[PDB]
Amino acid sequence: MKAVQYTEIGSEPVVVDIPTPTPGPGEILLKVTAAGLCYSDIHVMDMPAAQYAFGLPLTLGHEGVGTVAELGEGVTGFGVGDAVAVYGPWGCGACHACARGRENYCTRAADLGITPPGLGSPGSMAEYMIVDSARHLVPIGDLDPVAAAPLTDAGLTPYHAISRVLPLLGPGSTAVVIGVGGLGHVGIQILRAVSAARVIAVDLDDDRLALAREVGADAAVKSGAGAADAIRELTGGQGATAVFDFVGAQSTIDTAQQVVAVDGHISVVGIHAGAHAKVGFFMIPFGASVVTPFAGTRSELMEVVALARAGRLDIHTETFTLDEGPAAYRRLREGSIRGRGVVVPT
Amino acid sequence: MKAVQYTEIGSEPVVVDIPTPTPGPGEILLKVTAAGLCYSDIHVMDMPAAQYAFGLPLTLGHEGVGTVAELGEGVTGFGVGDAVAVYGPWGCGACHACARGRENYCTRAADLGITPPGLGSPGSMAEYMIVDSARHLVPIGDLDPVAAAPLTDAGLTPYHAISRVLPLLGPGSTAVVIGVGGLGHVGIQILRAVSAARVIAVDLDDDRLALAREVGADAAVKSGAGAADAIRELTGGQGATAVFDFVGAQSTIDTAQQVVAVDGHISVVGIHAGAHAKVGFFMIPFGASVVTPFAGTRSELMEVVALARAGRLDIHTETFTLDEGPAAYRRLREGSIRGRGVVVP
Amino acid sequence: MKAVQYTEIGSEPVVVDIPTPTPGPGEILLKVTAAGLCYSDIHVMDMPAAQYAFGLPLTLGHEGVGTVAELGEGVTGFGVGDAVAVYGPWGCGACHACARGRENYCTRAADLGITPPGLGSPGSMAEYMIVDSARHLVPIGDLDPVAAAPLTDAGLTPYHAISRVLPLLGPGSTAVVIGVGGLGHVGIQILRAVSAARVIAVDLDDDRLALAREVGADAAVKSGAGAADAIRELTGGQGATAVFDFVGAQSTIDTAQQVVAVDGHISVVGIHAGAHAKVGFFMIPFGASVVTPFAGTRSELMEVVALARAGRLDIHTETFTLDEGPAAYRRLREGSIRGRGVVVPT
Amino acid sequence: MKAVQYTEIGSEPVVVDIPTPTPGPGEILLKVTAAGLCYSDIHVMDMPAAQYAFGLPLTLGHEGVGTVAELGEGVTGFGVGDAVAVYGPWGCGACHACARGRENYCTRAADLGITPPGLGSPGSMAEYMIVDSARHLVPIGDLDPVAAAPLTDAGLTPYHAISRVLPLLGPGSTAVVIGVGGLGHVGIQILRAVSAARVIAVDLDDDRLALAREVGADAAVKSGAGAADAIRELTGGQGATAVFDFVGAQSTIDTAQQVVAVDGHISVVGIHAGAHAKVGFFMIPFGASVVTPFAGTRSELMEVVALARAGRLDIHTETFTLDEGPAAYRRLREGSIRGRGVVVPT
Ligand SMILES: NC(=O)c1ccc[n+]([C@@H]2O[C@H](COP(=O)([O-])OP(=O)(O)OC[C@H]3O[C@@H](n4cnc5c(N)ncnc54)[C@H](O)[C@@H]3O)[C@@H](O)[C@H]2O)c1
Ligand SMILES: NC(=O)c1ccc[n+]([C@@H]2O[C@H](COP(=O)([O-])OP(=O)(O)OC[C@H]3O[C@@H](n4cnc5c(N)ncnc54)[C@H](O)[C@@H]3O)[C@@H](O)[C@H]2O)c1
Ligand SMILES: NC(=O)c1ccc[n+]([C@@H]2O[C@H](COP(=O)([O-])OP(=O)(O)OC[C@H]3O[C@@H](n4cnc5c(N)ncnc54)[C@H](O)[C@@H]3O)[C@@H](O)[C@H]2O)c1
Ligand SMILES: NC(=O)c1ccc[n+]([C@@H]2O[C@H](COP(=O)([O-])OP(=O)(O)OC[C@H]3O[C@@H](n4cnc5c(N)ncnc54)[C@H](O)[C@@H]3O)[C@@H](O)[C@H]2O)c1
Ligand SMILES: C[C@@H](CCC(=O)O)C(=O)O
Ligand SMILES: C[C@@H](CCC(=O)O)C(=O)O
Ligand SMILES: C[C@@H](CCC(=O)O)C(=O)O
Ligand SMILES: C[C@@H](CCC(=O)O)C(=O)O
Ligand SMILES: [Zn+2]
Ligand SMILES: [Zn+2]
Ligand SMILES: [Zn+2]
Ligand SMILES: [Zn+2]
Ligand SMILES: [Zn+2]
Ligand SMILES: [Zn+2]
Ligand SMILES: [Zn+2]
Ligand SMILES: [Zn+2]
């Protein structure tokens, strides 16, 4: 089968021919119908040799949707042909976090050698992929696979981040979304669907601010030195109830701290090495909590899929073939994908 | 009346004779029965002239309990003689936070000129004190005033900090308490009363570790460079579900970040200027939230009082006269009060 | 001043001339700009002499909006001319419930002689009204008073009922609204604004089903013996996550029990004497909680006002003069007000 | 192997000799170390032929602890000899409830033919028992099996019931526990461990009231006509914040409604056919919710085990052999087991 793999440290990923895998006991083989590109793949491929720990080669893609092609021995709960999304952040399934579906916060996974697809195990950027267990598949019914693939991370991650503080986001609240890319453009829509928050989007790029308004942002602010003051002018001086920072650069985190309300929240979702919030007296408002959330829970993925099925999420995508996978990663690097890149095999 | 006031920047507070105040409309005059000393008073008196904004003179004391002495015009809901605790962090009463009793997070109070007693308005370190409104009094019934005065901040603040994340602190959880002083020794007891968390106390001083064990800590370990490893050995490598840092120095915040569990919590309660948690990827576990909480809510003060009345809080105090107030502040500075200092007028 | 009062047990309310009140210390005099009619007023006026406890005469109206006309001695926080809504369910202000703004659940109010306007104290169906304390006023800014008056009960009560179980109403959930009148037509809109629940409206009257669809219900079905089966067909056999019953008749409560999901919720909001849910094993699904909520909290009223100001609530009203107040009550009795009746004094 | 089975409708269970089962793929064979008797087994054996649906014969016992004896094909995560408690209310593992560990509220289990051990599948009152999946085992380490077996239902069920409303049970709250048997005597202890609620225990039997005080009840009240007044005298007239009714007879539910506070909670946990709360205006306080909870969640079982391991639960038991199993059921019927009956296979 055809796959896109990271094969050499510091090199672009390549299209390869590798064996179609066979599912062992408990496993499911999917025919991949769509595989999302996430900017985290760029972080992974930019790691120096000393830090990179996912093994080579690595079939990329941790945003996967497919149809069940083959059931491993003992698997029930799915039939051949069933359309499914892959729950990405695999946990041990047994610990207290996993018992609540919070496999994203499993502390046993590392020691047990459990790695996610596209991030230590073979990913979805291939004609076929293996899933370890039935509990990591969520049915999507007749959802368009191209728009469904991003739900598994571009949807799941903002959904989880928002869910952690949803009780704060009542009528009269304001939520700031910083970074209107793959995650952020879905984040805006989740906020509109599950809360009555007023949504202010922030981006460097005017076309991304246009995208923000297209997907339901109430206001759009240019990122940079003026952003904090502009956001404060929009919130009447009180600041924003919650800031969801999908960039996570020091400058955006600083913006977030300068605008968050007393008893509000900053969610640092975007990853920029070294960047951090400074949470201490006189540096942040009283009661304003800060967290770096990770991925999301099993039930949260189901909820994201339910939003999509109800017509609440307009996922902006551009489609690529497997052959175009490396080109798509170059596009993601340069910031020229308006929303989420999605590879559609064959 | 006799009062203890901060009167000159950089100087020790002094015992003064000033007029007994008279309550205006809506106000209540209390005869103070106990006034707690909080280390925040030390922070206030150490502010340089450029930062200090509470006015001079300032009658100290933001931990106050008393008996109703005089009702201002229009006040009902209290009779003369009623024993009451003063809710300290006065808000506007009208905004969305205040409407939920969360006057500690009122953003309108500053612009309206509303300041708390002992921190801009006259405090409880005096024979009498004024309270602005009935909603800032909580009845304490027959609670011993000496043990009650600390409830208003030493109790309230940890109670609020713990309450923010109480749903995390189920059976099998671990809570670390750093700093077993006024706040911390009450924090341990609140954790034991309202959760099934295992409680690990941390302090510099071995006598404070003994205090921690006396008030129900499951383990008590020495603060400093070895504390993170010692705490991890106790938690089996998984770390602590929540860390309540009542010191808030950079070294204790660093300890907190090195021990907090995935999806846990750090509450930076103690105040040390410039100190901060560094909340970013690779610097803290996934899902571990960090906050600097402030004071507590109206209903939280009532709950603290209810814990005290039920016998769940053994408040360790040392009692001082008004005349000894300045000496008590010196004792607080040097760290020689085992628990909370309380002035009794 | 002109007022509408209940003056004789069993008789229609009457238009009267009574003294314009003067505010004592702590009180505020409002010039009433709009006064809502609630079906609870019908329940009150239908009480026999032995049950009726609100005193005669009683100026009706517990849904009040006005402008501050006179400040009593010592009142600050409001200026003359400020547009305000009256928080209805007055409590003691001092107990643990009141300290959280939950004056609706105050247990001390009765013993202290504290009664709400229109329900023991003089109401808003008059040119002027007294409010006991500043904490019972919420600013409405430039909101149209006619559409604002219903927020104080038609908005507040459903808002509170929904808020009690808002965490259940995630994506994929279904909420049933029974009774699309004053409360119900606002309840539908609150559900759409603060949740991603699919909303199924139920009413006896086809025109009310049309109203339900106009204000955003996803489906609207006829009440009665077939309603439970029709709702189950819409929910795929799993039943409804939550049922908000704004009728509260035995037949509607029975419908609610026959459709509620496992681990769901029934909120019995409507008042029909003797009617009750039967909460016991084999009579209701496992984990399905049932409550009779009452009014709402101070912060909830502020949130309702915030929804209205954000354009999320289209309040359907019909306007009456004070002189038409008794006629409006006859209209409410016969069920011919499409939404909420509102008296506008002048 | 020896087992205790219900074999004939209306007859006492019998000691039988049946084949030792062998684990199929995914299954685990446990050597049973302790098997709890629950009064629900009495309800099951009293069902007429027309209602009884669990098949005959049925190996009783849905409170099971054991050691891993044999691993089925594919099972890892447990080693032979590991001490484990069985999570009883088996669900499908895949639905939204199950994804959160809430298999107790699974709606798919019935249609998939999934039944719990002792309640449709073979139970723990045998020398060995099969568990369907690793996710239904929770490690107990060196916990005494006799005191551990009741945790799986006598602990789990009250724990779940309490957990549903734990935020109500702050300092100053009162919780009433009605019925100080298997469940109730553990319920008291959970309340003391996880809340600062004052606990009032209610029972018919003075020896059970003594047991209540032994396990930490603050007060003990004789059940019956005087109980409501006695409880109100203890709560100062305000009533009880929460009532956990482990009897669920009409008289105890009536007591519960007569004592529950405004904005409180009644949890009807005990099963008495036909008995129900009457939740309607004028029949219950405003805001007082009522539910019939069922079993508990996966993570709740882990928490119960954690309480036991921390020394917070003193489980009162009487031990029986397998041969004495039928005698133990007679003892349970007559109400002569002080706490929980536990069979220990030889
Ligand atoms: N925490 C998690 O679990 C998690 C999960 C997935 C992705 N991520 C991270 O989230 C981030 C976003 O991922 P993506 O795939 O959406 O990226 P993307 O490249 O699709 O989007 C980036 C967006 O941010 C904007 N942007 C860049 N710098 C900005 C600034 N200084 N101010 C405002 N806007 C700015 C860009 O214009 C673009 O709209 C990445 O760092 C990724 O690794 C985190
Ligand atoms: N956030 C708020 O709303 C709020 C409210 C009140 C007080 N505070 C702050 O809480 C802090 C504690 O106040 P207090 O009155 O309890 O102080 P205290 O002087 O009574 O107690 C300090 C305790 O901390 C211990 N300690 C000091 N340095 C330590 C270290 N590095 N590691 C471990 N233990 C250490 C001491 O040995 C002592 O037991 C102060 O900074 C105070 O200003 C905050
Ligand atoms: N719990 C509380 O705090 C609270 C507060 C306010 C009002 N209420 C009560 O809520 C109820 C609704 O009040 P309102 O002012 O909205 O009434 P309304 O008369 O404006 O609306 C009643 C609606 O219910 C519909 N209806 C009547 N019987 C029905 C049935 N069997 N099935 C379906 N629909 C039916 C009518 O067609 C109408 O659309 C009243 O009983 C009132 O007393 C309760
Ligand atoms: N909801 C669930 O998921 C669930 C789970 C397990 C058990 N149960 C049910 O819980 C109930 C209790 O089970 P158990 O095994 O603890 O029973 P048990 O026989 O061990 O205890 C019954 C206790 O209730 C007391 N009692 C009986 N009638 C009473 C009355 N009128 N007032 C006060 N006390 C009274 C008895 O004296 C005894 O102390 C049973 O009905 C059982 O079926 C429910
Ligand atoms: C490398 C990065 C992957 C997150 C993601 O799934 O996008 C992470 O593990 O934090
Ligand atoms: C000066 C200090 C006071 C805190 C306290 O009330 O103890 C603060 O405002 O943070
Ligand atoms: C009299 C009635 C008033 C309800 C309402 O405010 O509509 C009640 O209190 O039940
Ligand atoms: C028969 C009974 C079993 C409850 C239990 O597990 O004890 C029920 O299904 O409710
Ligand atoms: Zn990603
Ligand atoms: Zn795990
Ligand atoms: Zn202080
Ligand atoms: Zn305020
Ligand atoms: Zn009404
Ligand atoms: Zn009250
Ligand atoms: Zn049972
Ligand atoms: Zn299920």
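All of this is worked out from the model, or read from it or from the source named; these are not laboratory values. In this analysis, Cβ positions are derived from the backbone assuming ideal geometry, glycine residues included, and neighbour counts consider all displayed protein chains.
Of note:
- Test for residue B:266: is it surrounded by fewer than 20 Cβ atoms within 10 Å (Cβ to Cβ) and under 30 Å from residue B:47 (Cβ atoms): no
- When B:218, B:206, B:142 are screened for being surrounded by fewer than 24 Cβ atoms within 10 Å (Cβ to Cβ), over 20 Å from the mean Cα position of the chain (by Cα), within 14 Å of chain D (Cβ to nearest Cβ) and without any contact (Cβ under 8 Å) to a residue 60 or more places away in the chain, only B:218 passes.
- Verdict on residue D:311 being more than 13 Å from chain C (Cβ to nearest Cβ) and of a type outside the set (A, V, I, L, M, F, W, C): yes
- Checking each residue in the range C:261-304 for being more than 9 Å from chain D (Cβ to nearest Cβ), outside any loop (DSSP other than H, G, I, E, B) and out of contact with any strand residue (DSSP E or B) (no Cβ under 6 Å at 6 or more places or on another chain) picks out C:298, C:299, C:300, C:303, C:304.
- Condition check for residue A:262: among the β-branched types (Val, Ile, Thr) and within 16 Å of ligand 2 (Cβ to nearest atom): yes
- Qualifying residue in the range A:64-84 (condition: more than 16 Å from ligand 13 (Cβ to nearest atom), under 16 Å from residue A:120 (Cα atoms) and assigned by CATH to the domain that holds residue A:153): yes
- In the range D:1-100, counting only strands (runs of 3 or more DSSP E) that sit wholly within it, the ones holding 3 or more residues that are away from ligand 16 (no atom under 16 Å from the Cβ) and more than 30 Å from residue A:132 (Cα to Cα) span D:2-6, D:14-17, D:28-37.
- The set of residues in the range A:185-203 that are of a type outside the set (A, V, I, L, M) and within 14 Å of chain C (Cβ to nearest Cβ) comprises A:189, A:192, A:195, A:198.
- Subset of the range C:246-260 [surrounded by fewer than 23 Cβ atoms within 10 Å (Cβ to Cβ) and either of a type in the set (D, E, K, R) or at the interface with another protein chain (Cβ under 8 Å from one of its Cβ atoms) (or both)]: C:254
- Per this entry, residue C:229 is not counted among residues that are acidic (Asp, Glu), in contact with a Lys or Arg (Cβ under 7 Å, 6 or more places away or on another chain) and surrounded by fewer than 22 Cβ atoms within 10 Å (Cβ to Cβ).
- When B:166, B:156, B:151 are checked against the criterion of being in contact with a strand residue (DSSP E or B) (Cβ under 8 Å, 6 or more places away or on another chain) and more than 16 Å from ligand 15 (Cβ to nearest atom), B:151 stands alone in meeting it.
- Qualifying residue in the range B:304-311 (condition: closer than 30 Å to residue B:46 by Cα, crowded, with 18+ Cβ neighbours inside 10 Å and not assigned by CATH to the domain that holds residue B:173): yes
- Among residues of the range D:27-62, those that are surrounded by fewer than 14 Cβ atoms within 10 Å (Cβ to Cβ) and among the acidic types (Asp, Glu), counted: 1
- Per-region count, the range D:157-184, residues β-branched (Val, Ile, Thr), within 14 Å of another protein chain (Cβ to nearest Cβ) and surrounded by 24 or more Cβ atoms within 10 Å (Cβ to Cβ): 3
- Residue count for the range C:111-145, restricted to those that are β-branched (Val, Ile, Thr) and in contact with a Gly (Cβ under 9 Å, 6 or more places away or on another chain): 4.
- Hits in the range C:145-156 (condition: within 12 Å of chain A (Cβ to nearest Cβ) and in a loop (DSSP other than H, G, I, E, B)): C:155
- Among residues of the range D:67-92, those that are touching a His at 6+ places or on another chain (Cβ under 9 Å) and either within 16 Å of ligand 5 (Cβ to nearest atom) or under 30 Å from residue C:172 (Cα atoms) (or both), counted: 4
- Residues (under 13 Å from residue D:7 (Cα atoms) and either β-branched (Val, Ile, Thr) or within 16 Å of ligand 10 (Cβ to nearest atom) (or both)) located in the range D:34-52: D:44
- Some residue of the range A:4-26 being under 20 Å from residue A:114 (Cβ atoms), of a type in the set (A, V, I, L, M) and either surrounded by 16 or more Cβ atoms within 10 Å (Cβ to Cβ) or away from ligand 6 (no atom under 16 Å from the Cβ) (or both): no
- Residues of the range A:148-179 satisfying the condition of being without any contact (Cβ under 8 Å) to a residue 40 or more places away in the chain and either assigned by CATH to the domain that holds residue A:341 or in contact with a helix residue (DSSP H, G or I) (Cβ under 7 Å, 6 or more places away or on another chain) (or both): A:166, A:170, A:171, A:172
- Residues located in the range A:222-247, provided they are closer than 20 Å to residue A:339 by Cβ and without any contact (Cβ under 8 Å) to a residue 40 or more places away in the chain: A:222
- Listed conditions (1) surrounded by 24 or more Cβ atoms within 10 Å (Cβ to Cβ); (2) under 13 Å from the mean Cα position of the chain (by Cα); (3) under 14 Å from residue B:282 (Cα atoms) are all met by residue A:277, apart from (2).
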